[PDB]
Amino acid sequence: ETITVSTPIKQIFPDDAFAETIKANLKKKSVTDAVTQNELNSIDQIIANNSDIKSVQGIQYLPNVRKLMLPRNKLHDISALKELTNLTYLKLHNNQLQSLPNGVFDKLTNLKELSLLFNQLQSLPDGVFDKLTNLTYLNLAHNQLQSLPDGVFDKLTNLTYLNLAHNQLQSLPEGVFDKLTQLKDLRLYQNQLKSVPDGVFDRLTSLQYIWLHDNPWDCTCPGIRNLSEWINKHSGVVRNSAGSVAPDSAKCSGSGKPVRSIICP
């Protein structure tokens, strides 16, 4: 995990664009310039937007990085981040990640905020978030998720923001949010949910905003009556895409009628 001779930047970082990023961070003249492990240790934040990066190989050597922001690159693999235990903010939006290697996050116990917005994740590993006990922000919106493993969020007690919008979720596991007592902001809009389990939001006593629109709610499917009663009791929580209170924004497919309208309250 260390370099024992001063080494050209281009050698430690094979990605030409990432090596350019490292050179700018260290403020050297050229990527051919020789860098020591002491100089690499001074880097604690990286910002590389839209830099056509394919690989962050060589980032294993930057043990003090706390702030890592690499949006709109071409990353397919984040294995090289497994041991950056000082990471506290990790924003990887608009990349092309299709999977998370199992245990890729088990060592990142200092993470506050994680964004995997606009990636290509079709599934999540079991227990993938179990070690991120200090996580407050989790954005998974605009992926290709087909389901959520049971208990996937059970360990994220400090979570205040959870965005699952724009995926292809057809169901939610029983009790999938039951441990998220501090959650203020839950986005489920634009999925394929026909219903949710009875009392799925019942234990979210801190919820301030929820987005339920653009889901094919089935007015006869089991559990829709509880959802309708929940919406009628928490009408101000429910928001539309413009950001306004809209308890009617969740709509029964086919008929188009508000899920709220199912029961009279």
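Residue indices: 1-based, along the sequence shown.
The mean Cα B-factor in the deposited entry runs higher for 31-39 than for the other of 226-234 and 31-39.
Of the two stretches examined, 14-22 and 242-250, the record assigns the greater average C-alpha temperature factor to 14-22. When the C-alpha B-factors of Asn49, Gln208, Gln45, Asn215 are ranked from the entry, the top spot goes to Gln45. For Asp106, the recorded CA temperature factor ranks within the highest third of the chain's modelled residues. Ranked against the other modelled residues of its chain, the C-alpha B-factor of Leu70 as given in the entry falls in the lowest third. For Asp77, the recorded CA B-factor ranks within the lowest third of the chain. Only modelled residues enter the ranking. Placement of the Cα temperature factor of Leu164 within the chain: lowest third of the modelled residues, per the deposited record. Remark: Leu193 belongs to the lowest third of its chain, ranked by C-alpha B-factor as recorded.
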